[PDB]
Amino acid sequence: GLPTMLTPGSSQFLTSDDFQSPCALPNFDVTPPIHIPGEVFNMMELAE
Amino acid sequence: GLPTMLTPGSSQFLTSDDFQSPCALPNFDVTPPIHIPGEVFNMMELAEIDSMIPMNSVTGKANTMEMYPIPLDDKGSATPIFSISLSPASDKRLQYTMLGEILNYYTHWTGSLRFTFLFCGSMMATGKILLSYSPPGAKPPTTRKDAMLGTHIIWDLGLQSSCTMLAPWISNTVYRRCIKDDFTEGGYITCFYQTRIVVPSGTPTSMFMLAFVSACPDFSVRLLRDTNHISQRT
Amino acid sequence: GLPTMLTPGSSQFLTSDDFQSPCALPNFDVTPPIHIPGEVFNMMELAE
Amino acid sequence: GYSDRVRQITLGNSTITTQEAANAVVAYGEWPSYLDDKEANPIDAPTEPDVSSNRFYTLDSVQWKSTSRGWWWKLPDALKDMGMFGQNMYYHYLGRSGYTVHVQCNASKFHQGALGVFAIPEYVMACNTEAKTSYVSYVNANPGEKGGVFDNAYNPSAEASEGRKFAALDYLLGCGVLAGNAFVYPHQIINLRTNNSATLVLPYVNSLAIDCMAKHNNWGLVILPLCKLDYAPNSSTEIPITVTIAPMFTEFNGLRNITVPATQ
Amino acid sequence: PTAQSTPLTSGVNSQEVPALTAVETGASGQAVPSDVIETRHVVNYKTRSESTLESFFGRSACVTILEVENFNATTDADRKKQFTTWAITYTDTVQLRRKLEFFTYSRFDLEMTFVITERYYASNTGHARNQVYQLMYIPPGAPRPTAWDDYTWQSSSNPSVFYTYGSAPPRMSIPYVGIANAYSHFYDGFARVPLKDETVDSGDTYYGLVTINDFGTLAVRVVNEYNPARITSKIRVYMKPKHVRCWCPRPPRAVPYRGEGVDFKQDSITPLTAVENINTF
Amino acid sequence: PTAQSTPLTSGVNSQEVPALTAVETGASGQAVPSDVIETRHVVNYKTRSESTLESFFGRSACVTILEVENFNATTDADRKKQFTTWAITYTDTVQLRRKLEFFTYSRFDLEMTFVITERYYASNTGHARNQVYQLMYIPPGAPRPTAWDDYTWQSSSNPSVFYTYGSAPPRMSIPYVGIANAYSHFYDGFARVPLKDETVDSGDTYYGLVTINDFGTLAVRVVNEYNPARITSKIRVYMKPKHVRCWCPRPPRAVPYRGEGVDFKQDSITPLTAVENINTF
Amino acid sequence: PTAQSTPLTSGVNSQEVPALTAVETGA
Amino acid sequence: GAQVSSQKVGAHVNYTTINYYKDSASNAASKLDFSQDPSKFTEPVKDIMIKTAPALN
Amino acid sequence: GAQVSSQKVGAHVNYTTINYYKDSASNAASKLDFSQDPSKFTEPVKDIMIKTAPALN
Amino acid sequence: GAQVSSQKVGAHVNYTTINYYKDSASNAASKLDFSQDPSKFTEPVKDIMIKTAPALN
Ligand SMILES: CC(=O)N[C@H]1[C@H]([C@H](O)[C@H](O)CO)O[C@@](O)(C(=O)O)C[C@@H]1O
Ligand SMILES: CC(=O)N[C@H]1[C@H]([C@H](O)[C@H](O)CO)O[C@@](O)(C(=O)O)C[C@@H]1O
Ligand SMILES: [Ca+2]
Ligand SMILES: [Ca+2]
Ligand SMILES: [Ca+2]
Ligand SMILES: [Ca+2]
Ligand SMILES: [Ca+2]
Ligand SMILES: [Ca+2]
Ligand SMILES: [Ca+2]
Ligand SMILES: [Ca+2]
Ligand SMILES: [Cl-]
Ligand SMILES: [Cl-]
Ligand SMILES: [Cl-]
Ligand SMILES: [Cl-]
Ligand SMILES: [Cl-]
Ligand SMILES: [Cl-]
Ligand SMILES: [Cl-]
Ligand SMILES: [Cl-]
Ligand SMILES: [Cl-]
Ligand SMILES: [Cl-]
Ligand SMILES: [Cl-]
Ligand SMILES: [Cl-]
Ligand SMILES: [Mg+2]
């Protein structure tokens, strides 16, 4: 195998992490999107 | 070594994963392929094949060949000939059709259903039969005058032996669930004499038709699951 | 470190595996080859 | 002039006509053919008997009555004693064949009934003892042209030695699946008001290019009354069903002395 | 590629009659909604991705549960608990089997995965060091072990996997290994032709795929010698067909299996629940 | 893209009156400081990055705590402790739920993560080998287990994850699986229309999203057979919405929840603490 | 590279006799 | 030898594959194959049947 | 198929992403989307209102 | 220094190798070598023997 070396952090679950992960339902065909009124993009829109 | 850091998921065995793995028999020479008839690529190809609905699975006929033929006669009763809900995965009669069996490996379905009827009386028997599909939310039809307000076809018996009634895809949700479920209920299929079956003398006055169901080309399924139709003791 | 995730098979010893491994005698100078009669390449040569 | 109801089929010195057909089925959309060099296996020059063997053989007729539960045959078993086809089959270790199957059943415009006619690849059937599994004798599995019948009851034998035959239970298709789903197999229906014959053209089907015909049946032929025979003037009337089958594109390898299978 | 979109259509009054057909032909009904109703245009963006054969079969399914133990065995029966052998098959369980049996023939590579678990047999006998397992694939003809520590486990040619308890479930791929051009899920025949007047027994012979199939044997042991504490283990074997092709569809199994064949059981041949009436919504 | 910079402005004496409006129109106040004071120029380099929906929801939140055990069960109640089933939902806890309920509709993929912990039930019963867990997702319709070792766990088609105690928290992604074009966080309606003079019960029927939602079931077991030492386990389930879209904002939940609906509790409907006076700094 | 394919051949009546040899040669 | 292909779409677009093993049996799942021909099972008839025409003429 | 994008700045500039999975649902977080249109909530009026003008004229 | 080569075919096509070590002894298995010359064992004769001819003339 490719020689590797584990660094600190290895195996931790940080709740604000941002990693890829395998899909439990591979090749699932999501329901097509349609336009719905009132889309929000930012919580600051609501603050205004 | 290359510095790396293990993420969540590490070492788990997810049964729907899709990874490479080492081959236990390296450089194995597989038997060359040859053409075999009847190759299948998609389970929906199989869902488009007609199979018989066990429409008359009443006590004494369920689990016999007599569960399939739908009784007809020349008496012209106003009573419905058969009535069944559009619940193709969960209905007691639809669940064991080929389409029903395929649907029970999935959670969601969408599309139009095709019901094809074959009249098996004598050539001398004539008749007109109303076949109806009523989308849900109203009183289930038990009379012809309610049934005929829905989607329907009037079938004239004759040289062309078979008539196809469609339950077109008419749904609030984009998919229905492959279980009995009020929210994704599909509606009501019924059948009435439009005139009556008429025969001359020396001819059987009772007879049968066969009902088939299949999926249309607009039909698809999602969310693979285990079926409730097979089990074993442990 | 580079984020990685271990898959099934990790740490197993499959006797028909085909991986690289570190050399216990690095920069060893092998005896030069010479031609020897009767080289065999395939067991099917012997079967004939 | 030409009609989906009127057909002629000629193979070798034999011809069939029908005037009340309903098209014809070509199983899986594939006509039979000879074995290509790029898919071949045994290397001896094959025997291709052509017209001597690739011709219509008519089996003994059976009687359809209001109480009949159905009939089955296996192929090439049903043709094993048919003229030169049978001889070529038994003189060789290996054989392959397609078929034209023509099922015949006429009645009148006053009779009614419907037969499902199915061609089933690898038609494996259940045995008739619960003391064992997969426990069927060669002789009972291979009845020849007489075929067998279905029943609507399952009564497995008290003793294993007495149950070495098929439990041909009609609604389970003799094999633990619901008969209403048999339509996934190549089929036609003989519905007496519409037609008096079924025609199915079958390619060779197997996981091999060629195989031992005396060991292995490639196809089952099933005839099930889907709607019972009825005739008002006489409910106990009987009408014949006649099965006529032609091998096609037959090819045989591994010639030796003749195979004579056990008969008991 | 998507499922079929629906075209805008109105009504008809015509000698064209797509609502009628004749299924005696062997053709299924073909008509679609636009043939028998007025339809709007609906663009269908949905696909049949999850019902391709690869998607339908793309799961590791448990096919058997094996047992092995590690303790100081003093009887023949207890010596036989120190290793186990299993004829490789998918017929010990029902779920994957039923899915495969939608088809007559198939061709696929296999991913095999294993889940290995232990428990202490008792608590008054001390403890046990972490165990290493050997799972050896014995192809037909190779010698089978008669003891957990006999010469066969040296496995010079048979593939073996050594698994260390607590590590990730072990896994390997197997090619399509069939001696025919596809696997047969059903075989309507015998392994040999019984001949006229031969003395060979015809009363206790079998029928079908069981007479011809042989995918070899999986042999499993704990490699460690015994601890004072007896450890009992289960090995669950998982199969996933991949790179799949299948031919000749079949009706699915409708009633319980009772063995490796198609046989059925007299008390379990009534799958349908009777409806009250033919008119029951 | 940054938040708004402030322009250099002085004073005015003008018929332009940006300080006045009429909120009867349904428009909020619009005026900014430069409209009502003298302002300097201030360049604003600050961004609203952390209040995008992806940022607001970009956290794994605990949504439930499940319990399972492994021991020699001799009663029905104890047999039911060997596995657990949970109807998948975000309503067992309050924090993620409240955030989602700022919106009427949403569409997202899900990252699910699990934290699994054990303790010994007692100390006089020896020890226990390291345990493997199976977490099986049972979509609506698939058979649910009635025992920890029944046939359902073979999981030929349901996705399962096998987790080895002590390994990294297991994790998988789930697509947007809704049968509508978005998830509904609120549904002002019923699952069926009750009809005139029908005999169906109308006295014990429910209302809203609970009558129509079904995301299936999570089933969990310890795969190992029992040790002499009873082990009790907790499985914490975490959800992170990702690739998020949301529609139709709502006032946030102001008082405690008391179940899966919008109902409130009589002793907990006074969120504000009264001020001493309207003039209290 | 594959194992040997088999050519289409018929029969012979010939002074060419590939069926005979002499293994005394060491071949 | 990296293969770049389209992902299956989610809620709201490419991925990379490299094969690490010398045997194709080691590879991950075959790519989605949308091939189909239902008519070999739903309409395996010798003579073409036009829907709008009579099945039997 | 490597994507190179700007990092969010820290105390004192690019990063690389490769997607490993065939389903987009497996992907990491969507990239920062600074889109907004507060006026659909703060000013959803039929007739344009100019701030400097009277709201009601 | 990546080597891209054909895989051994399976049921239903390239793979990549990079050597990580400075000694060739560390490398994975040699690539399939289909070389053969059975005649050095099956026909090691001084004078050519034509099959169709007599072995001894
Ligand atoms: C498999 C099994 O049931 N093992 C049990 C054992 C054995 O029955 C006896 O030790 C054999 O003598 O007894 C225990 O009380 C123990 O030793 O702690 C509990 C343990 O679970
Ligand atoms: C969950 C719990 O409270 N377990 C406690 C047990 C049980 O109460 C009894 O053993 C049951 O008989 O008792 C202990 O004294 C023990 O066994 O060491 C402490 C332990 O924490
Ligand atoms: Ca010839
Ligand atoms: Ca129309
Ligand atoms: Ca489309
Ligand atoms: Ca100003
Ligand atoms: Ca700015
Ligand atoms: Ca027509
Ligand atoms: Ca103003
Ligand atoms: Ca010679
Ligand atoms: Cl390596
Ligand atoms: Cl290094
Ligand atoms: Cl009954
Ligand atoms: Cl780093
Ligand atoms: Cl015979
Ligand atoms: Cl005999
Ligand atoms: Cl050893
Ligand atoms: Cl040891
Ligand atoms: Cl009922
Ligand atoms: Cl299990
Ligand atoms: Cl265990
Ligand atoms: Cl105050
Ligand atoms: Mg005869």
# chains A, B, ... in the order shown; residues from 1 in each chain; ligands from 1
$ residues_around --residues "range 8-20 of chain H" --least-positions-apart "5" --cutoff "9 Å" --atoms "only C-alpha atoms" --output "NGL selection string"
(:A and (26-33)) or (:B and (20-22)) or (:F and (107-109 or 175-177 or 242-245)) or (:H and (1-3 or 26-28)) or (:I and (1-2 or 18-26 or 30)) or (:J and (13-17))
$ select_by_dssp --residues "range 14-56 of chain I" --states "alpha helix (DSSP H)" --output "MDAnalysis selection string"
chainID I and resid 39:42
$ residues_near_ligand --ligand "ligand 13" --cutoff "7 Å" --atoms "only C-alpha atoms and all ligand atoms" --output "mmCIF file with N, CA, C and O atoms, in the first residue's frame"
data_model
loop_
_atom_site.group_PDB
_atom_site.id
_atom_site.type_symbol
_atom_site.label_atom_id
_atom_site.label_comp_id
_atom_site.auth_asym_id
_atom_site.auth_seq_id
_atom_site.Cartn_x
_atom_site.Cartn_y
_atom_site.Cartn_z
ATOM 1 N N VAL B 58 -61.800 -15.344 -3.490
ATOM 2 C CA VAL B 58 -62.747 -15.466 -2.381
ATOM 3 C C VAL B 58 -62.555 -16.816 -1.687
ATOM 4 O O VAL B 58 -61.840 -17.684 -2.192
ATOM 5 N N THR B 59 -63.196 -16.994 -0.536
ATOM 6 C CA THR B 59 -63.102 -18.256 0.204
ATOM 7 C C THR B 59 -63.482 -19.434 -0.686
ATOM 8 O O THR B 59 -64.500 -19.398 -1.365
ATOM 9 N N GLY B 60 -62.639 -20.464 -0.697
ATOM 10 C CA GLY B 60 -62.847 -21.631 -1.553
ATOM 11 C C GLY B 60 -62.182 -21.529 -2.919
ATOM 12 O O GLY B 60 -62.025 -22.541 -3.600
ATOM 13 N N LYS B 61 -61.796 -20.316 -3.327
ATOM 14 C CA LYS B 61 -61.116 -20.108 -4.610
ATOM 15 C C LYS B 61 -59.695 -19.562 -4.474
ATOM 16 O O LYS B 61 -58.846 -19.851 -5.318
ATOM 17 N N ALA B 62 -59.431 -18.786 -3.423
ATOM 18 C CA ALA B 62 -58.072 -18.345 -3.115
ATOM 19 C C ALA B 62 -57.131 -19.548 -3.106
ATOM 20 O O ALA B 62 -57.483 -20.609 -2.598
ATOM 21 N N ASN B 63 -55.943 -19.382 -3.683
ATOM 22 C CA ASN B 63 -54.940 -20.450 -3.725
ATOM 23 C C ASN B 63 -55.410 -21.698 -4.479
ATOM 24 O O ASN B 63 -55.099 -22.827 -4.098
ATOM 25 N N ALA E 274 -57.761 -14.891 1.505
ATOM 26 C CA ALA E 274 -59.019 -14.755 0.786
ATOM 27 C C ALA E 274 -59.653 -13.386 1.045
ATOM 28 O O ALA E 274 -59.598 -12.873 2.160
#
$ residues_near_ligand --ligand "ligand 4" --cutoff "10 Å" --atoms "only C-alpha atoms and all ligand atoms" --output "PyMOL selection string"
chain E and resi 7-12+32-40
$ interface_residues --of "chain F" --to "chain I" --cutoff "7 Å" --atoms "only C-alpha atoms" --output "JSON, numbers by chain"
{"F": [1, 16, 17, 18, 21, 22, 26, 27, 28, 49, 52, 54, 109, 173, 174, 175, 242, 243]}
$ select_by_dssp --residues "chain J" --states "strand (DSSP E)" --output "ChimeraX atom specification"
/J:3-6,14-17
$ write_last_selection --atoms "C-alpha atoms" --output "mmCIF file, in the first residue's frame"
data_model
loop_
_atom_site.group_PDB
_atom_site.id
_atom_site.type_symbol
_atom_site.label_atom_id
_atom_site.label_comp_id
_atom_site.auth_asym_id
_atom_site.auth_seq_id
_atom_site.Cartn_x
_atom_site.Cartn_y
_atom_site.Cartn_z
ATOM 1 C CA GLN J 3 1.812 3.031 -15.165
ATOM 2 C CA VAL J 4 -1.616 2.456 -16.770
ATOM 3 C CA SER J 5 -2.244 -1.132 -17.952
ATOM 4 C CA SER J 6 -5.083 -3.437 -19.020
ATOM 5 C CA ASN J 14 -7.481 -0.226 -17.105
ATOM 6 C CA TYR J 15 -5.741 0.103 -13.749
ATOM 7 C CA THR J 16 -3.007 2.343 -12.389
ATOM 8 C CA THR J 17 0.236 1.434 -10.600
#
$ residues_near_ligand --ligand "ligand 1" --cutoff "10 Å" --atoms "only C-alpha atoms and all ligand atoms" --output "list in words"
residues 119, 120, 121, 122, 123, 124, 125, 229, 230, 231 and 232 of chain E; 71, 72, 124, 125, 126, 127, 225, 226, 227, 228, 229 and 230 of chain F
$ write_last_selection --atoms "N, CA, C and O atoms" --output "PDB file, in the first residue's frame"
ATOM      1  N   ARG E 119     -18.344 -14.301  21.866  1.00  0.00           N
ATOM      2  CA  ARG E 119     -18.728 -14.129  23.258  1.00  0.00           C
ATOM      3  C   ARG E 119     -17.990 -15.136  24.135  1.00  0.00           C
ATOM      4  O   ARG E 119     -17.537 -16.181  23.657  1.00  0.00           O
ATOM      5  N   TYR E 120     -17.844 -14.792  25.410  1.00  0.00           N
ATOM      6  CA  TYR E 120     -17.354 -15.731  26.413  1.00  0.00           C
ATOM      7  C   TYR E 120     -18.407 -16.795  26.667  1.00  0.00           C
ATOM      8  O   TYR E 120     -19.584 -16.483  26.851  1.00  0.00           O
ATOM      9  N   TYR E 121     -17.977 -18.048  26.685  1.00  0.00           N
ATOM     10  CA  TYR E 121     -18.846 -19.157  27.057  1.00  0.00           C
ATOM     11  C   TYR E 121     -19.183 -19.142  28.563  1.00  0.00           C
ATOM     12  O   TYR E 121     -20.299 -19.482  28.938  1.00  0.00           O
ATOM     13  N   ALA E 122     -18.229 -18.740  29.404  1.00  0.00           N
ATOM     14  CA  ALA E 122     -18.399 -18.737  30.870  1.00  0.00           C
ATOM     15  C   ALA E 122     -17.533 -17.655  31.506  1.00  0.00           C
ATOM     16  O   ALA E 122     -16.680 -17.084  30.833  1.00  0.00           O
ATOM     17  N   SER E 123     -17.722 -17.378  32.799  1.00  0.00           N
ATOM     18  CA  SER E 123     -17.001 -16.257  33.439  1.00  0.00           C
ATOM     19  C   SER E 123     -16.008 -16.636  34.534  1.00  0.00           C
ATOM     20  O   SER E 123     -15.318 -15.761  35.064  1.00  0.00           O
ATOM     21  N   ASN E 124     -15.922 -17.922  34.868  1.00  0.00           N
ATOM     22  CA  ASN E 124     -15.059 -18.380  35.971  1.00  0.00           C
ATOM     23  C   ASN E 124     -13.756 -19.035  35.489  1.00  0.00           C
ATOM     24  O   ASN E 124     -13.103 -19.755  36.245  1.00  0.00           O
ATOM     25  N   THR E 125     -13.384 -18.770  34.236  1.00  0.00           N
ATOM     26  CA  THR E 125     -12.272 -19.456  33.571  1.00  0.00           C
ATOM     27  C   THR E 125     -11.274 -18.465  32.981  1.00  0.00           C
ATOM     28  O   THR E 125     -10.615 -18.761  31.993  1.00  0.00           O
ATOM     29  N   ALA E 229     -10.324 -19.658  29.118  1.00  0.00           N
ATOM     30  CA  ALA E 229     -11.686 -19.250  28.797  1.00  0.00           C
ATOM     31  C   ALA E 229     -12.073 -19.703  27.387  1.00  0.00           C
ATOM     32  O   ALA E 229     -11.420 -19.350  26.402  1.00  0.00           O
ATOM     33  N   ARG E 230     -13.139 -20.491  27.309  1.00  0.00           N
ATOM     34  CA  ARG E 230     -13.717 -20.912  26.040  1.00  0.00           C
ATOM     35  C   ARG E 230     -14.384 -19.722  25.339  1.00  0.00           C
ATOM     36  O   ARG E 230     -15.195 -19.013  25.941  1.00  0.00           O
ATOM     37  N   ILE E 231     -14.030 -19.509  24.073  1.00  0.00           N
ATOM     38  CA  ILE E 231     -14.630 -18.451  23.258  1.00  0.00           C
ATOM     39  C   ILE E 231     -15.410 -19.104  22.126  1.00  0.00           C
ATOM     40  O   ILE E 231     -14.906 -20.010  21.461  1.00  0.00           O
ATOM     41  N   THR E 232     -16.645 -18.660  21.927  1.00  0.00           N
ATOM     42  CA  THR E 232     -17.459 -19.130  20.814  1.00  0.00           C
ATOM     43  C   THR E 232     -17.666 -17.973  19.847  1.00  0.00           C
ATOM     44  O   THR E 232     -17.858 -16.827  20.267  1.00  0.00           O
TER      45      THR E 232
ATOM     46  N   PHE F  71     -27.646  -9.693  26.577  1.00  0.00           N
ATOM     47  CA  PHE F  71     -27.577 -10.623  27.698  1.00  0.00           C
ATOM     48  C   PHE F  71     -28.500 -11.804  27.441  1.00  0.00           C
ATOM     49  O   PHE F  71     -29.294 -11.787  26.502  1.00  0.00           O
ATOM     50  N   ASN F  72     -28.377 -12.837  28.267  1.00  0.00           N
ATOM     51  CA  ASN F  72     -29.201 -14.033  28.126  1.00  0.00           C
ATOM     52  C   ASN F  72     -30.629 -13.740  28.579  1.00  0.00           C
ATOM     53  O   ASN F  72     -30.920 -13.744  29.769  1.00  0.00           O
ATOM     54  N   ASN F 124     -19.891  -8.771  38.818  1.00  0.00           N
ATOM     55  CA  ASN F 124     -19.650 -10.126  39.341  1.00  0.00           C
ATOM     56  C   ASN F 124     -19.962 -11.234  38.323  1.00  0.00           C
ATOM     57  O   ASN F 124     -20.137 -12.395  38.697  1.00  0.00           O
ATOM     58  N   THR F 125     -20.018 -10.866  37.042  1.00  0.00           N
ATOM     59  CA  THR F 125     -20.480 -11.759  35.975  1.00  0.00           C
ATOM     60  C   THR F 125     -19.469 -11.840  34.835  1.00  0.00           C
ATOM     61  O   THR F 125     -19.842 -12.064  33.691  1.00  0.00           O
ATOM     62  N   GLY F 126     -18.192 -11.661  35.150  1.00  0.00           N
ATOM     63  CA  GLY F 126     -17.132 -11.822  34.171  1.00  0.00           C
ATOM     64  C   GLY F 126     -17.107 -10.679  33.191  1.00  0.00           C
ATOM     65  O   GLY F 126     -17.505  -9.570  33.531  1.00  0.00           O
ATOM     66  N   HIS F 127     -16.646 -10.952  31.969  1.00  0.00           N
ATOM     67  CA  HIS F 127     -16.458  -9.904  30.982  1.00  0.00           C
ATOM     68  C   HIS F 127     -17.180 -10.195  29.655  1.00  0.00           C
ATOM     69  O   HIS F 127     -17.998 -11.109  29.571  1.00  0.00           O
ATOM     70  N   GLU F 225     -23.757 -12.925  20.207  1.00  0.00           N
ATOM     71  CA  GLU F 225     -24.524 -13.633  21.232  1.00  0.00           C
ATOM     72  C   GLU F 225     -24.117 -13.151  22.629  1.00  0.00           C
ATOM     73  O   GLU F 225     -23.125 -12.428  22.791  1.00  0.00           O
ATOM     74  N   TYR F 226     -24.886 -13.551  23.637  1.00  0.00           N
ATOM     75  CA  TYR F 226     -24.683 -13.048  24.998  1.00  0.00           C
ATOM     76  C   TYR F 226     -23.401 -13.558  25.660  1.00  0.00           C
ATOM     77  O   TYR F 226     -22.985 -14.708  25.461  1.00  0.00           O
ATOM     78  N   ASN F 227     -22.786 -12.673  26.439  1.00  0.00           N
ATOM     79  CA  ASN F 227     -21.717 -13.022  27.364  1.00  0.00           C
ATOM     80  C   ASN F 227     -22.326 -13.239  28.737  1.00  0.00           C
ATOM     81  O   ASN F 227     -23.487 -12.894  28.955  1.00  0.00           O
ATOM     82  N   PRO F 228     -21.544 -13.787  29.682  1.00  0.00           N
ATOM     83  CA  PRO F 228     -22.042 -13.832  31.058  1.00  0.00           C
ATOM     84  C   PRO F 228     -22.308 -12.429  31.617  1.00  0.00           C
ATOM     85  O   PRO F 228     -23.259 -12.241  32.370  1.00  0.00           O
ATOM     86  N   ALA F 229     -21.487 -11.457  31.225  1.00  0.00           N
ATOM     87  CA  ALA F 229     -21.678 -10.070  31.628  1.00  0.00           C
ATOM     88  C   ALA F 229     -22.670  -9.364  30.701  1.00  0.00           C
ATOM     89  O   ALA F 229     -22.468  -9.293  29.488  1.00  0.00           O
ATOM     90  N   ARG F 230     -23.742  -8.851  31.292  1.00  0.00           N
ATOM     91  CA  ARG F 230     -24.723  -8.042  30.581  1.00  0.00           C
ATOM     92  C   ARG F 230     -24.119  -6.683  30.205  1.00  0.00           C
ATOM     93  O   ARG F 230     -23.559  -5.989  31.058  1.00  0.00           O
TER      94      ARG F 230
END
$ residues_around --residues "range 155-169 of chain D" --least-positions-apart "4" --cutoff "12 Å" --atoms "only C-alpha atoms" --output "CSV table (one decimal) with C-alpha atoms, in the first residue's frame"
chain,number,residue,atom,x,y,z
B,63,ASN,CA,-54.9,-20.5,-3.7
B,64,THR,CA,-56.5,-22.5,-6.5
B,65,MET,CA,-56.6,-21.9,-10.3
D,69,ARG,CA,-56.1,-29.4,-14.6
D,70,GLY,CA,-53.5,-29.3,-17.4
D,71,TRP,CA,-50.6,-31.0,-19.1
D,72,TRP,CA,-46.8,-30.7,-19.3
D,73,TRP,CA,-44.0,-32.0,-21.5
D,123,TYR,CA,-38.7,-26.1,-16.1
D,124,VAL,CA,-37.7,-27.6,-12.8
D,125,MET,CA,-40.6,-29.1,-10.8
D,126,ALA,CA,-41.1,-30.0,-7.2
D,127,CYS,CA,-40.9,-33.6,-5.9
D,128,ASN,CA,-43.6,-35.5,-4.1
D,129,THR,CA,-42.0,-36.5,-0.8
D,130,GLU,CA,-41.2,-34.3,2.2
D,131,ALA,CA,-38.7,-36.8,3.6
D,132,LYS,CA,-36.3,-35.6,0.9
D,133,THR,CA,-35.6,-32.6,-1.4
D,134,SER,CA,-35.0,-32.7,-5.2
D,135,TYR,CA,-35.9,-36.4,-5.1
D,136,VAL,CA,-37.2,-37.3,-8.6
D,137,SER,CA,-36.4,-40.4,-10.6
D,138,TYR,CA,-35.1,-40.1,-14.1
D,139,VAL,CA,-37.9,-42.2,-15.5
D,140,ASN,CA,-40.6,-40.0,-13.9
D,141,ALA,CA,-38.8,-36.8,-15.0
D,142,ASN,CA,-38.7,-38.0,-18.6
D,143,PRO,CA,-42.1,-39.5,-19.6
D,147,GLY,CA,-45.9,-36.0,-20.9
D,148,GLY,CA,-47.7,-35.6,-17.6
D,149,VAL,CA,-50.7,-33.9,-16.0
D,150,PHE,CA,-51.2,-31.3,-13.4
D,151,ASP,CA,-53.3,-31.8,-10.3
D,173,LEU,CA,-47.0,-24.2,-11.7
D,174,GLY,CA,-45.5,-27.4,-10.1
D,175,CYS,CA,-42.6,-25.3,-8.8
D,176,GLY,CA,-43.6,-22.9,-6.0
D,177,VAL,CA,-44.5,-19.8,-8.1
D,178,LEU,CA,-48.0,-18.5,-8.8
D,179,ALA,CA,-49.4,-19.7,-12.2
D,222,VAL,CA,-47.1,-26.2,-20.2
D,224,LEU,CA,-53.1,-24.9,-18.4
E,202,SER,CA,-31.7,-45.4,-9.3
E,203,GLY,CA,-33.8,-45.4,-6.1
E,204,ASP,CA,-31.8,-42.8,-4.1
E,205,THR,CA,-30.6,-40.4,-6.9
E,206,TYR,CA,-31.4,-36.7,-6.9
E,207,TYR,CA,-32.6,-34.2,-9.5
E,262,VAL,CA,-37.9,-25.9,-5.9
E,263,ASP,CA,-39.9,-28.2,-3.6
E,264,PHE,CA,-42.7,-26.8,-1.4
E,265,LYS,CA,-44.2,-27.7,1.9
E,266,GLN,CA,-47.8,-29.0,2.4
E,267,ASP,CA,-48.6,-26.7,5.3
E,269,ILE,CA,-48.8,-23.5,0.0
$ interface_residues --of "chain C" --to "chain F" --cutoff "12 Å" --atoms "only C-alpha atoms" --output "PyMOL selection string"
chain C and resi 4-8
$ write_last_selection --atoms "N, CA, C and O atoms" --output "CSV table (one decimal), in the first residue's frame"
chain,number,residue,atom,x,y,z
C,4,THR,N,-8.9,10.6,5.1
C,4,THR,CA,-9.1,9.3,4.5
C,4,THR,C,-10.2,8.5,5.4
C,4,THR,O,-10.5,8.9,6.5
C,5,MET,N,-10.7,7.4,4.8
C,5,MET,CA,-11.7,6.6,5.5
C,5,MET,C,-11.4,5.1,5.1
C,5,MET,O,-11.5,4.8,4.0
C,6,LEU,N,-11.2,4.3,6.2
C,6,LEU,CA,-10.9,2.9,6.0
C,6,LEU,C,-12.1,2.1,5.5
C,6,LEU,O,-13.2,2.3,6.0
C,7,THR,N,-11.9,1.3,4.5
C,7,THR,CA,-13.0,0.4,4.0
C,7,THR,C,-12.9,-1.0,4.5
C,7,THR,O,-11.8,-1.4,5.1
C,8,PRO,N,-13.9,-1.8,4.3
C,8,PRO,CA,-13.8,-3.2,4.6
C,8,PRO,C,-12.6,-3.9,3.9
C,8,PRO,O,-12.2,-3.4,2.8
$ interface_residues --of "chain C" --to "chain A" --cutoff "10 Å" --atoms "only C-alpha atoms" --output "PyMOL selection string"
chain C and resi 1-5+18-22
$ residues_near_ligand --ligand "ligand 5" --cutoff "12 Å" --atoms "only C-alpha atoms and all ligand atoms" --output "MDAnalysis selection string"
(chainID B and resid 111 217:220) or (chainID E and resid 1:7 41:48)
